[PDB]
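For reference, start-v7.cif is printed below; it contains mmCIF, N, CA and C atoms.
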data_coords
loop_
_atom_site.group_PDB
_atom_site.id
_atom_site.type_symbol
_atom_site.label_atom_id
_atom_site.label_comp_id
_atom_site.auth_asym_id
_atom_site.auth_seq_id
_atom_site.Cartn_x
_atom_site.Cartn_y
_atom_site.Cartn_z
ATOM 1 N N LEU R 981 0.822 -1.204 0.000
ATOM 2 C CA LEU R 981 0.000 0.000 0.000
ATOM 3 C C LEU R 981 0.859 1.258 0.000
ATOM 4 N N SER R 982 2.005 1.217 0.675
ATOM 5 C CA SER R 982 2.832 2.401 0.876
ATOM 6 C C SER R 982 3.833 2.641 -0.248
ATOM 7 N N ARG R 983 3.835 1.824 -1.287
ATOM 8 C CA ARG R 983 4.768 2.049 -2.388
ATOM 9 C C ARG R 983 4.075 2.227 -3.727
ATOM 10 N N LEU R 984 2.809 1.839 -3.838
ATOM 11 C CA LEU R 984 2.112 1.830 -5.113
ATOM 12 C C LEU R 984 0.825 2.637 -5.015
ATOM 13 N N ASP R 985 0.498 3.329 -6.101
ATOM 14 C CA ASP R 985 -0.747 4.076 -6.162
ATOM 15 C C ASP R 985 -1.936 3.122 -6.227
ATOM 16 N N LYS R 986 -3.098 3.627 -5.813
ATOM 17 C CA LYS R 986 -4.275 2.780 -5.659
ATOM 18 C C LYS R 986 -4.821 2.270 -6.988
ATOM 19 N N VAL R 987 -4.355 2.809 -8.117
ATOM 20 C CA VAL R 987 -4.852 2.350 -9.413
ATOM 21 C C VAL R 987 -4.476 0.895 -9.657
ATOM 22 N N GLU R 988 -3.291 0.480 -9.215
ATOM 23 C CA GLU R 988 -2.816 -0.873 -9.443
ATOM 24 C C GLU R 988 -2.284 -1.546 -8.188
ATOM 25 N N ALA R 989 -2.262 -0.851 -7.049
ATOM 26 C CA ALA R 989 -1.888 -1.502 -5.801
ATOM 27 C C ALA R 989 -2.849 -2.622 -5.439
ATOM 28 N N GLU R 990 -4.105 -2.537 -5.884
ATOM 29 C CA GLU R 990 -5.042 -3.626 -5.638
ATOM 30 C C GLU R 990 -4.648 -4.882 -6.405
ATOM 31 N N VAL R 991 -3.938 -4.729 -7.525
ATOM 32 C CA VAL R 991 -3.571 -5.884 -8.341
ATOM 33 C C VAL R 991 -2.588 -6.776 -7.595
ATOM 34 N N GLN R 992 -1.543 -6.177 -7.021
ATOM 35 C CA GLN R 992 -0.527 -6.966 -6.330
ATOM 36 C C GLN R 992 -1.085 -7.591 -5.057
ATOM 37 N N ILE R 993 -1.812 -6.806 -4.259
ATOM 38 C CA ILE R 993 -2.410 -7.359 -3.049
ATOM 39 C C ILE R 993 -3.451 -8.413 -3.402
ATOM 40 N N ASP R 994 -4.080 -8.297 -4.577
ATOM 41 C CA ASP R 994 -4.993 -9.340 -5.035
ATOM 42 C C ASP R 994 -4.292 -10.686 -5.108
ATOM 43 N N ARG R 995 -3.027 -10.688 -5.533
ATOM 44 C CA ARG R 995 -2.264 -11.930 -5.569
ATOM 45 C C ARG R 995 -2.098 -12.505 -4.169
ATOM 46 N N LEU R 996 -1.841 -11.643 -3.180
ATOM 47 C CA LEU R 996 -1.821 -12.102 -1.795
ATOM 48 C C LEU R 996 -3.178 -12.653 -1.385
ATOM 49 N N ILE R 997 -4.257 -11.970 -1.778
ATOM 50 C CA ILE R 997 -5.599 -12.433 -1.433
ATOM 51 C C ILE R 997 -5.845 -13.816 -2.016
ATOM 52 N N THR R 998 -5.542 -13.990 -3.301
ATOM 53 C CA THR R 998 -5.635 -15.314 -3.900
ATOM 54 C C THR R 998 -4.634 -16.266 -3.263
ATOM 55 N N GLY R 999 -3.466 -15.752 -2.886
ATOM 56 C CA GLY R 999 -2.422 -16.571 -2.306
ATOM 57 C C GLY R 999 -2.635 -16.950 -0.855
ATOM 58 N N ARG R 1000 -2.714 -15.948 0.025
ATOM 59 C CA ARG R 1000 -2.814 -16.225 1.456
ATOM 60 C C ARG R 1000 -4.063 -17.036 1.772
ATOM 61 N N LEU R 1001 -5.168 -16.749 1.080
ATOM 62 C CA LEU R 1001 -6.366 -17.569 1.223
ATOM 63 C C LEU R 1001 -6.113 -18.997 0.760
ATOM 64 N N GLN R 1002 -5.368 -19.159 -0.336
ATOM 65 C CA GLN R 1002 -5.121 -20.493 -0.874
ATOM 66 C C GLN R 1002 -4.439 -21.383 0.154
ATOM 67 N N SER R 1003 -3.449 -20.845 0.869
ATOM 68 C CA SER R 1003 -2.824 -21.611 1.941
ATOM 69 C C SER R 1003 -3.828 -21.930 3.039
ATOM 70 N N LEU R 1004 -4.682 -20.963 3.382
ATOM 71 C CA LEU R 1004 -5.717 -21.209 4.379
ATOM 72 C C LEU R 1004 -6.663 -22.310 3.924
ATOM 73 N N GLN R 1005 -7.032 -22.302 2.642
ATOM 74 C CA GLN R 1005 -7.896 -23.351 2.114
ATOM 75 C C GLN R 1005 -7.223 -24.714 2.208
ATOM 76 N N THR R 1006 -5.917 -24.769 1.950
ATOM 77 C CA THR R 1006 -5.202 -26.033 2.075
ATOM 78 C C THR R 1006 -5.118 -26.481 3.530
ATOM 79 N N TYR R 1007 -4.856 -25.545 4.447
ATOM 80 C CA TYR R 1007 -4.709 -25.904 5.855
ATOM 81 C C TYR R 1007 -5.991 -26.512 6.407
ATOM 82 N N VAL R 1008 -7.129 -25.860 6.162
ATOM 83 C CA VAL R 1008 -8.402 -26.405 6.622
ATOM 84 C C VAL R 1008 -8.680 -27.743 5.950
ATOM 85 N N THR R 1009 -8.357 -27.857 4.658
ATOM 86 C CA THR R 1009 -8.518 -29.130 3.966
ATOM 87 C C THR R 1009 -7.675 -30.210 4.625
ATOM 88 N N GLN R 1010 -6.437 -29.875 4.994
ATOM 89 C CA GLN R 1010 -5.627 -30.794 5.783
ATOM 90 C C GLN R 1010 -6.300 -31.103 7.113
ATOM 91 N N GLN R 1011 -6.919 -30.094 7.728
ATOM 92 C CA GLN R 1011 -7.538 -30.284 9.035
ATOM 93 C C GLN R 1011 -8.687 -31.282 8.967
ATOM 94 N N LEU R 1012 -9.598 -31.105 8.005
ATOM 95 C CA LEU R 1012 -10.721 -32.029 7.865
ATOM 96 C C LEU R 1012 -10.238 -33.453 7.622
ATOM 97 N N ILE R 1013 -9.226 -33.618 6.769
ATOM 98 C CA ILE R 1013 -8.638 -34.939 6.570
ATOM 99 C C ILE R 1013 -8.140 -35.490 7.897
ATOM 100 N N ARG R 1014 -7.476 -34.644 8.686
ATOM 101 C CA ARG R 1014 -7.052 -35.057 10.017
ATOM 102 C C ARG R 1014 -8.227 -35.131 10.986
ATOM 103 N N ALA R 1015 -9.223 -34.254 10.829
ATOM 104 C CA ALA R 1015 -10.376 -34.287 11.724
ATOM 105 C C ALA R 1015 -11.130 -35.602 11.605
ATOM 106 N N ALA R 1016 -11.351 -36.069 10.376
ATOM 107 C CA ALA R 1016 -12.020 -37.351 10.186
ATOM 108 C C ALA R 1016 -11.176 -38.495 10.730
ATOM 109 N N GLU R 1017 -9.857 -38.424 10.542
ATOM 110 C CA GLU R 1017 -8.984 -39.494 11.008
ATOM 111 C C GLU R 1017 -9.054 -39.650 12.521
ATOM 112 N N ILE R 1018 -9.059 -38.534 13.251
ATOM 113 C CA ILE R 1018 -9.127 -38.604 14.708
ATOM 114 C C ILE R 1018 -10.449 -39.211 15.154
ATOM 115 N N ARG R 1019 -11.553 -38.803 14.524
ATOM 116 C CA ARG R 1019 -12.858 -39.331 14.910
ATOM 117 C C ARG R 1019 -12.930 -40.834 14.686
ATOM 118 N N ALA R 1020 -12.300 -41.324 13.617
ATOM 119 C CA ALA R 1020 -12.204 -42.766 13.427
ATOM 120 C C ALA R 1020 -11.447 -43.411 14.579
ATOM 121 N N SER R 1021 -10.356 -42.782 15.018
ATOM 122 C CA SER R 1021 -9.672 -43.253 16.215
ATOM 123 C C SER R 1021 -10.526 -43.033 17.456
ATOM 124 N N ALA R 1022 -11.184 -41.875 17.549
ATOM 125 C CA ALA R 1022 -12.025 -41.588 18.705
ATOM 126 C C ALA R 1022 -13.171 -42.585 18.811
ATOM 127 N N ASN R 1023 -13.844 -42.858 17.691
ATOM 128 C CA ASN R 1023 -14.892 -43.872 17.693
ATOM 129 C C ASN R 1023 -14.327 -45.233 18.067
ATOM 130 N N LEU R 1024 -13.131 -45.554 17.570
ATOM 131 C CA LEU R 1024 -12.448 -46.758 18.025
ATOM 132 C C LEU R 1024 -12.194 -46.697 19.524
ATOM 133 N N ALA R 1025 -11.717 -45.551 20.014
ATOM 134 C CA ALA R 1025 -11.519 -45.388 21.448
ATOM 135 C C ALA R 1025 -12.840 -45.489 22.195
ATOM 136 N N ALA R 1026 -13.910 -44.947 21.614
ATOM 137 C CA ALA R 1026 -15.223 -45.039 22.241
ATOM 138 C C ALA R 1026 -15.607 -46.490 22.486
ATOM 139 N N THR R 1027 -15.449 -47.339 21.469
ATOM 140 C CA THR R 1027 -15.725 -48.758 21.648
ATOM 141 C C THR R 1027 -14.772 -49.376 22.661
ATOM 142 N N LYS R 1028 -13.487 -49.017 22.593
ATOM 143 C CA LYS R 1028 -12.527 -49.547 23.556
ATOM 144 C C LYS R 1028 -12.947 -49.206 24.978
ATOM 145 N N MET R 1029 -13.287 -47.941 25.227
ATOM 146 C CA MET R 1029 -13.848 -47.590 26.525
ATOM 147 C C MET R 1029 -15.155 -48.331 26.767
ATOM 148 N N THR V 393 -29.086 3.598 -16.612
ATOM 149 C CA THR V 393 -29.952 4.260 -15.642
ATOM 150 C C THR V 393 -29.941 5.770 -15.845
ATOM 151 N N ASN V 394 -28.755 6.344 -16.032
ATOM 152 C CA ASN V 394 -28.603 7.766 -16.302
ATOM 153 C C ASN V 394 -27.278 7.964 -17.020
ATOM 154 N N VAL V 395 -27.083 9.166 -17.555
ATOM 155 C CA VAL V 395 -25.895 9.496 -18.333
ATOM 156 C C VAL V 395 -25.299 10.788 -17.791
ATOM 157 N N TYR V 396 -23.981 10.803 -17.618
ATOM 158 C CA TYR V 396 -23.240 11.999 -17.235
ATOM 159 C C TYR V 396 -22.367 12.421 -18.407
ATOM 160 N N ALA V 397 -22.587 13.634 -18.906
ATOM 161 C CA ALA V 397 -21.843 14.182 -20.038
ATOM 162 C C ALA V 397 -20.966 15.317 -19.516
ATOM 163 N N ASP V 398 -19.759 14.970 -19.079
ATOM 164 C CA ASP V 398 -18.844 15.945 -18.503
ATOM 165 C C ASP V 398 -18.172 16.743 -19.612
ATOM 166 N N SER V 399 -18.001 18.044 -19.391
ATOM 167 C CA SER V 399 -17.389 18.931 -20.371
ATOM 168 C C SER V 399 -16.326 19.786 -19.698
ATOM 169 N N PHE V 400 -15.086 19.665 -20.167
ATOM 170 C CA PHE V 400 -13.996 20.497 -19.673
ATOM 171 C C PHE V 400 -12.909 20.562 -20.737
ATOM 172 N N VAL V 401 -12.049 21.574 -20.617
ATOM 173 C CA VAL V 401 -10.977 21.818 -21.574
ATOM 174 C C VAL V 401 -9.654 21.948 -20.831
ATOM 175 N N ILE V 402 -8.632 21.252 -21.332
ATOM 176 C CA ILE V 402 -7.305 21.210 -20.722
ATOM 177 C C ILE V 402 -6.248 21.158 -21.819
ATOM 178 N N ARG V 403 -4.973 21.119 -21.428
ATOM 179 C CA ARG V 403 -3.909 20.870 -22.392
ATOM 180 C C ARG V 403 -4.093 19.515 -23.068
ATOM 181 N N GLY V 404 -3.513 19.383 -24.262
ATOM 182 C CA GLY V 404 -3.568 18.117 -24.971
ATOM 183 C C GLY V 404 -2.643 17.061 -24.401
ATOM 184 N N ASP V 405 -1.602 17.479 -23.683
ATOM 185 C CA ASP V 405 -0.662 16.557 -23.060
ATOM 186 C C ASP V 405 -1.057 16.193 -21.637
ATOM 187 N N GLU V 406 -2.354 16.220 -21.341
ATOM 188 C CA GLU V 406 -2.866 16.058 -19.990
ATOM 189 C C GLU V 406 -3.829 14.883 -19.867
ATOM 190 N N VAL V 407 -4.132 14.197 -20.973
ATOM 191 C CA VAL V 407 -5.177 13.178 -20.991
ATOM 192 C C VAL V 407 -4.804 11.938 -20.181
ATOM 193 N N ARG V 408 -3.513 11.717 -19.909
ATOM 194 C CA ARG V 408 -3.102 10.483 -19.243
ATOM 195 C C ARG V 408 -3.761 10.327 -17.878
ATOM 196 N N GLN V 409 -3.815 11.402 -17.092
ATOM 197 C CA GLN V 409 -4.388 11.317 -15.754
ATOM 198 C C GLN V 409 -5.893 11.083 -15.759
ATOM 199 N N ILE V 410 -6.566 11.269 -16.898
ATOM 200 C CA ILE V 410 -8.003 11.035 -16.970
ATOM 201 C C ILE V 410 -8.340 9.564 -16.763
ATOM 202 N N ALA V 411 -7.377 8.671 -16.977
ATOM 203 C CA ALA V 411 -7.623 7.249 -16.787
ATOM 204 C C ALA V 411 -8.012 6.976 -15.334
ATOM 205 N N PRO V 412 -8.914 6.026 -15.087
ATOM 206 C CA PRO V 412 -9.423 5.828 -13.725
ATOM 207 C C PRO V 412 -8.324 5.377 -12.776
ATOM 208 N N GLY V 413 -8.443 5.810 -11.521
ATOM 209 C CA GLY V 413 -7.491 5.450 -10.494
ATOM 210 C C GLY V 413 -6.146 6.132 -10.579
ATOM 211 N N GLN V 414 -5.801 6.727 -11.719
ATOM 212 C CA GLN V 414 -4.501 7.356 -11.881
ATOM 213 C C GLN V 414 -4.350 8.527 -10.911
ATOM 214 N N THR V 415 -3.121 9.027 -10.802
ATOM 215 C CA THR V 415 -2.800 10.054 -9.825
ATOM 216 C C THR V 415 -1.918 11.115 -10.469
ATOM 217 N N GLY V 416 -1.812 12.247 -9.788
ATOM 218 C CA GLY V 416 -1.071 13.398 -10.245
ATOM 219 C C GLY V 416 -1.812 14.660 -9.869
ATOM 220 N N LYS V 417 -1.454 15.768 -10.523
ATOM 221 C CA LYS V 417 -2.101 17.043 -10.219
ATOM 222 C C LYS V 417 -3.594 16.997 -10.526
ATOM 223 N N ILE V 418 -3.959 16.466 -11.694
ATOM 224 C CA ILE V 418 -5.360 16.438 -12.110
ATOM 225 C C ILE V 418 -6.193 15.619 -11.132
ATOM 226 N N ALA V 419 -5.883 14.325 -11.020
ATOM 227 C CA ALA V 419 -6.643 13.428 -10.158
ATOM 228 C C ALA V 419 -6.416 13.700 -8.680
ATOM 229 N N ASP V 420 -5.490 14.593 -8.341
ATOM 230 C CA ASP V 420 -5.238 14.958 -6.957
ATOM 231 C C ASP V 420 -6.051 16.176 -6.541
ATOM 232 N N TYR V 421 -6.219 17.157 -7.430
ATOM 233 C CA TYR V 421 -6.786 18.427 -7.013
ATOM 234 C C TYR V 421 -8.019 18.886 -7.779
ATOM 235 N N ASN V 422 -8.247 18.431 -9.013
ATOM 236 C CA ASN V 422 -9.316 19.030 -9.806
ATOM 237 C C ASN V 422 -10.312 18.052 -10.417
ATOM 238 N N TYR V 423 -9.930 16.810 -10.708
ATOM 239 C CA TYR V 423 -10.849 15.885 -11.368
ATOM 240 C C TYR V 423 -10.445 14.457 -11.034
ATOM 241 N N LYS V 424 -11.244 13.792 -10.203
ATOM 242 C CA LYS V 424 -10.996 12.418 -9.779
ATOM 243 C C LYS V 424 -12.074 11.519 -10.372
ATOM 244 N N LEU V 425 -11.697 10.715 -11.358
ATOM 245 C CA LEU V 425 -12.636 9.737 -11.889
ATOM 246 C C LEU V 425 -12.688 8.513 -10.977
ATOM 247 N N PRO V 426 -13.866 7.924 -10.790
ATOM 248 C CA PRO V 426 -13.996 6.818 -9.838
ATOM 249 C C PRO V 426 -13.243 5.578 -10.295
ATOM 250 N N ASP V 427 -12.915 4.736 -9.314
ATOM 251 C CA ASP V 427 -12.213 3.490 -9.602
ATOM 252 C C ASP V 427 -13.060 2.572 -10.476
ATOM 253 N N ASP V 428 -14.361 2.496 -10.190
ATOM 254 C CA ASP V 428 -15.289 1.661 -10.945
ATOM 255 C C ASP V 428 -15.987 2.435 -12.057
ATOM 256 N N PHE V 429 -15.297 3.398 -12.665
ATOM 257 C CA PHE V 429 -15.903 4.231 -13.695
ATOM 258 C C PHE V 429 -16.399 3.383 -14.858
ATOM 259 N N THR V 430 -17.551 3.763 -15.402
ATOM 260 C CA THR V 430 -18.171 3.043 -16.507
ATOM 261 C C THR V 430 -18.496 4.021 -17.625
ATOM 262 N N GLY V 431 -17.767 3.924 -18.728
ATOM 263 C CA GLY V 431 -18.021 4.782 -19.865
ATOM 264 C C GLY V 431 -16.798 4.885 -20.757
ATOM 265 N N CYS V 432 -16.823 5.906 -21.610
ATOM 266 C CA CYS V 432 -15.748 6.179 -22.552
ATOM 267 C C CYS V 432 -15.325 7.634 -22.416
ATOM 268 N N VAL V 433 -14.033 7.893 -22.595
ATOM 269 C CA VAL V 433 -13.470 9.235 -22.492
ATOM 270 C C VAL V 433 -13.129 9.720 -23.893
ATOM 271 N N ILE V 434 -13.599 10.916 -24.235
ATOM 272 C CA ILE V 434 -13.499 11.447 -25.588
ATOM 273 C C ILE V 434 -12.745 12.768 -25.537
ATOM 274 N N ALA V 435 -11.799 12.948 -26.457
ATOM 275 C CA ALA V 435 -11.049 14.193 -26.535
ATOM 276 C C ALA V 435 -10.622 14.442 -27.973
ATOM 277 N N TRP V 436 -10.362 15.712 -28.278
ATOM 278 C CA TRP V 436 -9.915 16.114 -29.604
ATOM 279 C C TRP V 436 -9.295 17.500 -29.517
ATOM 280 N N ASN V 437 -8.405 17.795 -30.463
ATOM 281 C CA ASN V 437 -7.704 19.072 -30.467
ATOM 282 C C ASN V 437 -8.672 20.212 -30.762
ATOM 283 N N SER V 438 -8.577 21.282 -29.970
ATOM 284 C CA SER V 438 -9.459 22.434 -30.113
ATOM 285 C C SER V 438 -8.686 23.743 -29.995
ATOM 286 N N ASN V 439 -7.449 23.771 -30.497
ATOM 287 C CA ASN V 439 -6.656 24.995 -30.431
ATOM 288 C C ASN V 439 -7.286 26.106 -31.261
ATOM 289 N N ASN V 440 -7.820 25.765 -32.436
ATOM 290 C CA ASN V 440 -8.391 26.765 -33.328
ATOM 291 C C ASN V 440 -9.601 27.466 -32.727
ATOM 292 N N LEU V 441 -10.333 26.806 -31.830
ATOM 293 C CA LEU V 441 -11.508 27.398 -31.211
ATOM 294 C C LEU V 441 -11.321 27.718 -29.736
#

As a first step, turn the structure in this file into structure tokens.
Amino acid sequence: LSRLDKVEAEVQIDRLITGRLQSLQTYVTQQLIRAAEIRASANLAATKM
Amino acid sequence: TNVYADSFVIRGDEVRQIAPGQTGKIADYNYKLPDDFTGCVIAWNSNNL
């Protein structure tokens, strides 16, 4: 923001928006894959208990 | 919905700042076109008149 005029400063930060969100989308996707895995273990633990 | 027909006269070497979002003396102090501007910008030499 502090080096580029607003006419095209949105373009570069847009790449961060597409970028930083993309990592967030991957992290949550990793989480659900791990979230389901734990519940399978948890349900196994539930039966064990 | 509606039409805005803006009329003004400037130097011929001044049209660059008319582009949306651009900056300088024009877009800083006298004429700021919106970022989401919708339309066409028309100019022609008028030294004779």

- Task: Choose the residue, out of V:439, V:430, V:393, V:415, that has the smallest atom-to-atom separation from chain R; count all atoms listed in the file.
- Result: V:415

- Item | Expected answer as a PyMOL selection string: chain V residues within 7 Å of chain R, only N, CA and C atoms | chain V and resi 412-415

- Task: In Å, rounded to a single decimal, give me how far atom CA of residue V:418 is from atom CA of residue R:981.
- Result: 21.1 Å

Enclose all atoms of stretch 414-425 of chain V listed in the file in an axis-aligned box, grow every side by 3 Å, and hand back centre and edge lengths in Å to one decimal, as JSON.
{"center_x": -6.9, "center_y": 12.9, "center_z": -9.3, "size_x": 17.6, "size_y": 18.3, "size_z": 11.6}

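For the pair atom CA of residue V:423 and atom CA of residue V:410, the interatomic distance is 7.9 Å.
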
- atom CA of residue V:431 to atom CA of residue R:997, straight-line distance in Å: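 That distance, rounded to one decimal, is 28.1 Å.
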
- Run DSSP on the backbone of this structure and report the residues of chain V it assigns to helix (DSSP H, G or I), as an NGL selection string. :V and (404-410 or 417-422)

Would you kindly place N, CA, C and O atoms on stretch 410-432 of chain V and return the model as a PDB file, in the frame of the given file?
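Result saved to out_0.pdb:
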ATOM      1  N   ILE V 410      -6.566  11.269 -16.898  1.00  0.00           N
ATOM      2  CA  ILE V 410      -8.003  11.035 -16.970  1.00  0.00           C
ATOM      3  C   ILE V 410      -8.340   9.564 -16.763  1.00  0.00           C
ATOM      4  O   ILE V 410      -9.472   9.233 -16.395  1.00  0.00           O
ATOM      5  N   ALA V 411      -7.377   8.671 -16.977  1.00  0.00           N
ATOM      6  CA  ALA V 411      -7.623   7.249 -16.787  1.00  0.00           C
ATOM      7  C   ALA V 411      -8.012   6.976 -15.334  1.00  0.00           C
ATOM      8  O   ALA V 411      -7.500   7.634 -14.421  1.00  0.00           O
ATOM      9  N   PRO V 412      -8.914   6.026 -15.087  1.00  0.00           N
ATOM     10  CA  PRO V 412      -9.423   5.828 -13.725  1.00  0.00           C
ATOM     11  C   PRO V 412      -8.324   5.377 -12.776  1.00  0.00           C
ATOM     12  O   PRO V 412      -7.395   4.663 -13.157  1.00  0.00           O
ATOM     13  N   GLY V 413      -8.443   5.810 -11.521  1.00  0.00           N
ATOM     14  CA  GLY V 413      -7.491   5.450 -10.494  1.00  0.00           C
ATOM     15  C   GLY V 413      -6.146   6.132 -10.579  1.00  0.00           C
ATOM     16  O   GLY V 413      -5.406   6.120  -9.588  1.00  0.00           O
ATOM     17  N   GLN V 414      -5.801   6.727 -11.719  1.00  0.00           N
ATOM     18  CA  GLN V 414      -4.501   7.356 -11.881  1.00  0.00           C
ATOM     19  C   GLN V 414      -4.350   8.527 -10.911  1.00  0.00           C
ATOM     20  O   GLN V 414      -5.306   8.973 -10.272  1.00  0.00           O
ATOM     21  N   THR V 415      -3.121   9.027 -10.802  1.00  0.00           N
ATOM     22  CA  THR V 415      -2.800  10.054  -9.825  1.00  0.00           C
ATOM     23  C   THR V 415      -1.918  11.115 -10.469  1.00  0.00           C
ATOM     24  O   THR V 415      -1.356  10.920 -11.550  1.00  0.00           O
ATOM     25  N   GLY V 416      -1.812  12.247  -9.788  1.00  0.00           N
ATOM     26  CA  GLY V 416      -1.071  13.398 -10.245  1.00  0.00           C
ATOM     27  C   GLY V 416      -1.812  14.660  -9.869  1.00  0.00           C
ATOM     28  O   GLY V 416      -2.696  14.647  -9.016  1.00  0.00           O
ATOM     29  N   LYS V 417      -1.454  15.768 -10.523  1.00  0.00           N
ATOM     30  CA  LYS V 417      -2.101  17.043 -10.219  1.00  0.00           C
ATOM     31  C   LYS V 417      -3.594  16.997 -10.526  1.00  0.00           C
ATOM     32  O   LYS V 417      -4.418  17.424  -9.707  1.00  0.00           O
ATOM     33  N   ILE V 418      -3.959  16.466 -11.694  1.00  0.00           N
ATOM     34  CA  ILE V 418      -5.360  16.438 -12.110  1.00  0.00           C
ATOM     35  C   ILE V 418      -6.193  15.619 -11.132  1.00  0.00           C
ATOM     36  O   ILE V 418      -7.087  16.142 -10.453  1.00  0.00           O
ATOM     37  N   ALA V 419      -5.883  14.325 -11.020  1.00  0.00           N
ATOM     38  CA  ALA V 419      -6.643  13.428 -10.158  1.00  0.00           C
ATOM     39  C   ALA V 419      -6.416  13.700  -8.680  1.00  0.00           C
ATOM     40  O   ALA V 419      -7.085  13.084  -7.844  1.00  0.00           O
ATOM     41  N   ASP V 420      -5.490  14.593  -8.341  1.00  0.00           N
ATOM     42  CA  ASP V 420      -5.238  14.958  -6.957  1.00  0.00           C
ATOM     43  C   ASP V 420      -6.051  16.176  -6.541  1.00  0.00           C
ATOM     44  O   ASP V 420      -6.553  16.229  -5.414  1.00  0.00           O
ATOM     45  N   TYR V 421      -6.219  17.157  -7.430  1.00  0.00           N
ATOM     46  CA  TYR V 421      -6.786  18.427  -7.013  1.00  0.00           C
ATOM     47  C   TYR V 421      -8.019  18.886  -7.779  1.00  0.00           C
ATOM     48  O   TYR V 421      -8.787  19.682  -7.226  1.00  0.00           O
ATOM     49  N   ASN V 422      -8.247  18.431  -9.013  1.00  0.00           N
ATOM     50  CA  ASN V 422      -9.316  19.030  -9.806  1.00  0.00           C
ATOM     51  C   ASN V 422     -10.312  18.052 -10.417  1.00  0.00           C
ATOM     52  O   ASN V 422     -11.466  18.445 -10.624  1.00  0.00           O
ATOM     53  N   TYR V 423      -9.930  16.810 -10.708  1.00  0.00           N
ATOM     54  CA  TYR V 423     -10.849  15.885 -11.368  1.00  0.00           C
ATOM     55  C   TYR V 423     -10.445  14.457 -11.034  1.00  0.00           C
ATOM     56  O   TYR V 423      -9.431  13.964 -11.536  1.00  0.00           O
ATOM     57  N   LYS V 424     -11.244  13.792 -10.203  1.00  0.00           N
ATOM     58  CA  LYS V 424     -10.996  12.418  -9.779  1.00  0.00           C
ATOM     59  C   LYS V 424     -12.074  11.519 -10.372  1.00  0.00           C
ATOM     60  O   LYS V 424     -13.231  11.559  -9.937  1.00  0.00           O
ATOM     61  N   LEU V 425     -11.697  10.715 -11.358  1.00  0.00           N
ATOM     62  CA  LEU V 425     -12.636   9.737 -11.889  1.00  0.00           C
ATOM     63  C   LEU V 425     -12.688   8.513 -10.977  1.00  0.00           C
ATOM     64  O   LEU V 425     -11.660   8.097 -10.436  1.00  0.00           O
ATOM     65  N   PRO V 426     -13.866   7.924 -10.790  1.00  0.00           N
ATOM     66  CA  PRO V 426     -13.996   6.818  -9.838  1.00  0.00           C
ATOM     67  C   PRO V 426     -13.243   5.578 -10.295  1.00  0.00           C
ATOM     68  O   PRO V 426     -12.952   5.384 -11.477  1.00  0.00           O
ATOM     69  N   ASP V 427     -12.915   4.736  -9.314  1.00  0.00           N
ATOM     70  CA  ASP V 427     -12.213   3.490  -9.602  1.00  0.00           C
ATOM     71  C   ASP V 427     -13.060   2.572 -10.476  1.00  0.00           C
ATOM     72  O   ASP V 427     -12.552   1.935 -11.404  1.00  0.00           O
ATOM     73  N   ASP V 428     -14.361   2.496 -10.190  1.00  0.00           N
ATOM     74  CA  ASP V 428     -15.289   1.661 -10.945  1.00  0.00           C
ATOM     75  C   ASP V 428     -15.987   2.435 -12.057  1.00  0.00           C
ATOM     76  O   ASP V 428     -17.162   2.173 -12.351  1.00  0.00           O
ATOM     77  N   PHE V 429     -15.297   3.398 -12.665  1.00  0.00           N
ATOM     78  CA  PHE V 429     -15.903   4.231 -13.695  1.00  0.00           C
ATOM     79  C   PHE V 429     -16.399   3.383 -14.858  1.00  0.00           C
ATOM     80  O   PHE V 429     -15.760   2.406 -15.256  1.00  0.00           O
ATOM     81  N   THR V 430     -17.551   3.763 -15.402  1.00  0.00           N
ATOM     82  CA  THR V 430     -18.171   3.043 -16.507  1.00  0.00           C
ATOM     83  C   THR V 430     -18.496   4.021 -17.625  1.00  0.00           C
ATOM     84  O   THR V 430     -19.403   4.847 -17.485  1.00  0.00           O
ATOM     85  N   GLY V 431     -17.767   3.924 -18.728  1.00  0.00           N
ATOM     86  CA  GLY V 431     -18.021   4.782 -19.865  1.00  0.00           C
ATOM     87  C   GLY V 431     -16.798   4.885 -20.757  1.00  0.00           C
ATOM     88  O   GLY V 431     -15.875   4.076 -20.678  1.00  0.00           O
ATOM     89  N   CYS V 432     -16.823   5.906 -21.610  1.00  0.00           N
ATOM     90  CA  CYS V 432     -15.748   6.179 -22.552  1.00  0.00           C
ATOM     91  C   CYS V 432     -15.325   7.634 -22.416  1.00  0.00           C
ATOM     92  O   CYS V 432     -16.158   8.508 -22.157  1.00  0.00           O
TER      93      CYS V 432
END
